[PDB]
>>> print(open('protein.tsv').read())   # TSV, N, CA, C and O atoms
chain	number	residue	atom	x	y	z
A	6	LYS	N	6.71	53.89	0.66
A	6	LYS	CA	7.80	54.50	1.42
A	6	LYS	C	9.09	54.51	0.62
A	6	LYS	O	9.32	53.64	-0.23
A	7	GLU	N	9.95	55.48	0.89
A	7	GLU	CA	11.21	55.61	0.16
A	7	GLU	C	12.28	54.65	0.70
A	7	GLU	O	12.60	54.69	1.89
A	8	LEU	N	12.81	53.80	-0.17
A	8	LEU	CA	13.80	52.80	0.24
A	8	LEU	C	15.21	53.39	0.33
A	8	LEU	O	15.62	54.23	-0.48
A	9	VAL	N	15.94	52.91	1.33
A	9	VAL	CA	17.32	53.31	1.56
A	9	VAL	C	18.16	52.05	1.70
A	9	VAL	O	17.73	51.08	2.33
A	10	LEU	N	19.35	52.06	1.10
A	10	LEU	CA	20.27	50.94	1.22
A	10	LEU	C	21.34	51.26	2.26
A	10	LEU	O	21.89	52.36	2.27
A	11	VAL	N	21.62	50.30	3.14
A	11	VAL	CA	22.72	50.42	4.09
A	11	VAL	C	24.01	49.94	3.42
A	11	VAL	O	24.10	48.78	2.98
A	12	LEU	N	24.99	50.82	3.32
A	12	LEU	CA	26.25	50.48	2.67
A	12	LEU	C	27.19	49.68	3.55
A	12	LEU	O	27.90	48.79	3.07
A	13	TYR	N	27.21	50.01	4.84
A	13	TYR	CA	28.18	49.45	5.77
A	13	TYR	C	27.48	49.21	7.10
A	13	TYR	O	26.57	49.95	7.47
A	14	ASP	N	27.92	48.19	7.84
A	14	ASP	CA	27.38	47.94	9.17
A	14	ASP	C	27.50	49.20	10.03
A	14	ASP	O	28.54	49.87	10.03
A	15	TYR	N	26.45	49.50	10.79
A	15	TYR	CA	26.48	50.59	11.76
A	15	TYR	C	25.99	50.10	13.11
A	15	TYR	O	24.90	49.54	13.20
A	16	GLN	N	26.79	50.31	14.15
A	16	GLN	CA	26.41	49.94	15.51
A	16	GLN	C	25.91	51.16	16.27
A	16	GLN	O	26.60	52.18	16.36
A	17	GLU	N	24.71	51.06	16.84
A	17	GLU	CA	24.13	52.16	17.60
A	17	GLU	C	25.04	52.64	18.73
A	17	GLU	O	25.71	51.84	19.39
A	18	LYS	N	25.05	53.95	18.95
A	18	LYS	CA	25.89	54.57	19.97
A	18	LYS	C	25.09	55.42	20.95
A	18	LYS	O	25.65	55.99	21.89
A	19	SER	N	23.79	55.52	20.74
A	19	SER	CA	22.93	56.27	21.64
A	19	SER	C	21.50	55.73	21.53
A	19	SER	O	21.19	55.00	20.59
A	20	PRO	N	20.63	56.09	22.49
A	20	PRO	CA	19.32	55.44	22.58
A	20	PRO	C	18.39	55.61	21.38
A	20	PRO	O	17.49	54.80	21.21
A	21	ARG	N	18.59	56.64	20.57
A	21	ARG	CA	17.71	56.84	19.41
A	21	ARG	C	18.32	56.33	18.11
A	21	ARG	O	17.76	56.53	17.04
A	22	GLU	N	19.47	55.67	18.20
A	22	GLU	CA	20.15	55.13	17.02
A	22	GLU	C	19.78	53.68	16.77
A	22	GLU	O	19.46	52.93	17.70
A	23	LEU	N	19.80	53.29	15.50
A	23	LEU	CA	19.51	51.92	15.10
A	23	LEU	C	20.76	51.21	14.62
A	23	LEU	O	21.51	51.74	13.81
A	24	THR	N	20.97	49.99	15.09
A	24	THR	CA	22.00	49.13	14.53
A	24	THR	C	21.47	48.52	13.23
A	24	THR	O	20.37	47.98	13.19
A	25	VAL	N	22.26	48.65	12.16
A	25	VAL	CA	21.86	48.14	10.86
A	25	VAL	C	23.04	47.44	10.20
A	25	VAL	O	24.20	47.67	10.57
A	26	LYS	N	22.75	46.58	9.23
A	26	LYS	CA	23.78	45.78	8.58
A	26	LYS	C	23.88	46.12	7.11
A	26	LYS	O	22.87	46.41	6.46
A	27	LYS	N	25.09	46.05	6.59
A	27	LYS	CA	25.35	46.19	5.16
A	27	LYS	C	24.34	45.40	4.34
A	27	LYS	O	24.11	44.21	4.59
A	28	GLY	N	23.72	46.05	3.36
A	28	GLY	CA	22.78	45.39	2.49
A	28	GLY	C	21.34	45.52	2.94
A	28	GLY	O	20.42	45.26	2.17
A	29	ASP	N	21.12	45.92	4.19
A	29	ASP	CA	19.77	46.11	4.70
A	29	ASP	C	19.03	47.17	3.89
A	29	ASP	O	19.62	48.17	3.45
A	30	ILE	N	17.73	46.98	3.74
A	30	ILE	CA	16.85	47.96	3.11
A	30	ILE	C	15.96	48.57	4.18
A	30	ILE	O	15.24	47.85	4.88
A	31	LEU	N	16.02	49.89	4.31
A	31	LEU	CA	15.27	50.61	5.32
A	31	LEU	C	14.29	51.54	4.63
A	31	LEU	O	14.42	51.79	3.43
A	32	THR	N	13.34	52.05	5.39
A	32	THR	CA	12.44	53.09	4.92
A	32	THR	C	12.92	54.43	5.45
A	32	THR	O	13.28	54.56	6.62
A	33	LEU	N	12.95	55.43	4.58
A	33	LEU	CA	13.36	56.77	4.99
A	33	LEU	C	12.20	57.51	5.64
A	33	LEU	O	11.12	57.62	5.06
A	34	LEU	N	12.42	58.02	6.84
A	34	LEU	CA	11.42	58.85	7.51
A	34	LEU	C	11.71	60.34	7.36
A	34	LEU	O	10.80	61.14	7.17
A	35	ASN	N	12.97	60.73	7.47
A	35	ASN	CA	13.31	62.14	7.39
A	35	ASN	C	14.77	62.36	7.05
A	35	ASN	O	15.66	61.82	7.73
A	36	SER	N	15.01	63.14	6.01
A	36	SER	CA	16.36	63.40	5.53
A	36	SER	C	16.71	64.89	5.58
A	36	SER	O	17.63	65.34	4.90
A	37	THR	N	15.98	65.66	6.38
A	37	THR	CA	16.22	67.10	6.42
A	37	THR	C	17.53	67.49	7.12
A	37	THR	O	18.03	68.59	6.91
A	38	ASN	N	18.05	66.61	7.96
A	38	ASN	CA	19.42	66.77	8.43
A	38	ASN	C	20.33	65.97	7.51
A	38	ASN	O	20.17	64.76	7.38
A	39	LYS	N	21.26	66.64	6.84
A	39	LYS	CA	22.08	65.99	5.83
A	39	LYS	C	23.02	64.94	6.42
A	39	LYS	O	23.51	64.07	5.71
A	40	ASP	N	23.28	65.04	7.73
A	40	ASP	CA	24.28	64.20	8.38
A	40	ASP	C	23.71	62.98	9.10
A	40	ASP	O	24.41	61.97	9.25
A	41	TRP	N	22.46	63.08	9.54
A	41	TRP	CA	21.81	62.03	10.31
A	41	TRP	C	20.40	61.87	9.78
A	41	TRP	O	19.62	62.82	9.81
A	42	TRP	N	20.07	60.68	9.28
A	42	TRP	CA	18.73	60.41	8.74
A	42	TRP	C	17.90	59.59	9.72
A	42	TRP	O	18.42	58.71	10.40
A	43	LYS	N	16.61	59.90	9.77
A	43	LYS	CA	15.67	59.09	10.53
A	43	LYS	C	15.11	58.04	9.59
A	43	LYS	O	14.63	58.35	8.48
A	44	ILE	N	15.21	56.78	10.02
A	44	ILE	CA	14.83	55.65	9.20
A	44	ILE	C	13.97	54.68	10.02
A	44	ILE	O	13.88	54.80	11.24
A	45	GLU	N	13.33	53.75	9.32
A	45	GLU	CA	12.47	52.77	9.96
A	45	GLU	C	12.75	51.41	9.36
A	45	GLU	O	12.93	51.27	8.15
A	46	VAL	N	12.78	50.41	10.22
A	46	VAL	CA	12.96	49.04	9.77
A	46	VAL	C	12.48	48.12	10.87
A	46	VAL	O	12.68	48.40	12.06
A	47	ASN	N	11.81	47.04	10.48
A	47	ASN	CA	11.32	46.06	11.44
A	47	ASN	C	10.53	46.64	12.61
A	47	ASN	O	10.66	46.18	13.74
A	48	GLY	N	9.72	47.66	12.34
A	48	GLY	CA	8.86	48.24	13.36
A	48	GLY	C	9.58	49.13	14.36
A	48	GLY	O	9.03	49.46	15.41
A	49	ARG	N	10.80	49.53	14.03
A	49	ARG	CA	11.58	50.43	14.87
A	49	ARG	C	11.94	51.66	14.08
A	49	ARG	O	12.09	51.59	12.86
A	50	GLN	N	12.07	52.79	14.77
A	50	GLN	CA	12.40	54.06	14.14
A	50	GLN	C	13.57	54.68	14.88
A	50	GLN	O	13.62	54.69	16.11
A	51	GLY	N	14.53	55.19	14.13
A	51	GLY	CA	15.69	55.80	14.75
A	51	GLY	C	16.64	56.39	13.74
A	51	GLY	O	16.33	56.48	12.55
A	52	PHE	N	17.82	56.76	14.22
A	52	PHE	CA	18.77	57.52	13.42
A	52	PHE	C	20.02	56.74	13.10
A	52	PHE	O	20.51	55.95	13.92
A	53	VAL	N	20.54	56.98	11.90
A	53	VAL	CA	21.77	56.39	11.40
A	53	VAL	C	22.48	57.51	10.64
A	53	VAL	O	21.82	58.31	9.97
A	54	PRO	N	23.81	57.60	10.73
A	54	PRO	CA	24.47	58.68	9.98
A	54	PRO	C	24.26	58.47	8.49
A	54	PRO	O	24.37	57.35	7.99
A	55	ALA	N	23.97	59.56	7.79
A	55	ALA	CA	23.70	59.48	6.36
A	55	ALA	C	24.85	58.93	5.54
A	55	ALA	O	24.63	58.38	4.46
A	56	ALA	N	26.08	59.05	6.04
A	56	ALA	CA	27.24	58.51	5.35
A	56	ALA	C	27.15	57.00	5.13
A	56	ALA	O	27.82	56.45	4.25
A	57	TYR	N	26.35	56.31	5.95
A	57	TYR	CA	26.19	54.86	5.84
A	57	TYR	C	25.09	54.44	4.87
A	57	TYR	O	24.88	53.25	4.66
A	58	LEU	N	24.40	55.42	4.28
A	58	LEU	CA	23.14	55.18	3.59
A	58	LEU	C	23.15	55.75	2.18
A	58	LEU	O	23.80	56.75	1.90
A	59	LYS	N	22.37	55.11	1.31
A	59	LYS	CA	22.14	55.62	-0.04
A	59	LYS	C	20.67	55.46	-0.41
A	59	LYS	O	20.10	54.39	-0.26
A	60	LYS	N	20.05	56.52	-0.91
A	60	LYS	CA	18.70	56.39	-1.43
A	60	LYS	C	18.74	55.52	-2.67
A	60	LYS	O	19.63	55.66	-3.52
A	61	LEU	N	17.76	54.63	-2.79
A	61	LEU	CA	17.61	53.86	-4.01
A	61	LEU	C	16.70	54.62	-4.97
A	61	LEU	O	15.57	54.96	-4.62
A	62	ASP	N	17.19	54.89	-6.18
A	62	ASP	CA	18.52	54.47	-6.60
A	62	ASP	C	19.03	55.32	-7.75
A	62	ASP	O	18.26	55.75	-8.61
>>> encode(input="protein.tsv", output="structure tokens")
Amino acid sequence: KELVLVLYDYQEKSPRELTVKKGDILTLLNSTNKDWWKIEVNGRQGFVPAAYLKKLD
């Protein structure tokens, strides 16, 4: 799976969003929307704004 780094803490604001912490490593599920990426971590799947994320590497 493609690894993604979380740059900054993100707090979920809607039911399909994931709360993530700076430094977390997530798996990328879908990046076809440039603004909101679907990611997976700890058996959960959801969305985080792409501005908080960087593909490794």
>>> closest_residue(input="protein.tsv", among="A:7, A:37, A:46, A:13", to="residue A:58", atoms="all atoms listed in the file")
A:13
>>> select_by_dssp(input="protein.tsv", residues="chain A", states="strand (DSSP E or B)", output="number ranges by chain")
A: 8-11, 15, 22, 25, 30-35, 41-46, 49-54, 58-60
>>> atom_distance(input="protein.tsv", atom1="atom CA of residue A:26", atom2="atom C of residue A:14")
5.3 Å
>>> residues_around(input="protein.tsv", residues="residue A:15", least_positions_apart="2", cutoff="12 Å", atoms="only C-alpha atoms", output="PyMOL selection string")
chain A and resi 11-13+17-19+22-29+52-58
>>> residues_around(input="protein.tsv", residues="residue A:31", least_positions_apart="4", cutoff="4.5 Å", atoms="all atoms listed in the file", output="list in words")
residues 7, 8, 9 and 45 of chain A
>>> atom_distance(input="protein.tsv", atom1="atom CA of residue A:20", atom2="atom O of residue A:43")
15.1 Å
>>> atom_distance(input="protein.tsv", atom1="atom CA of residue A:21", atom2="atom CA of residue A:61")
23.6 Å
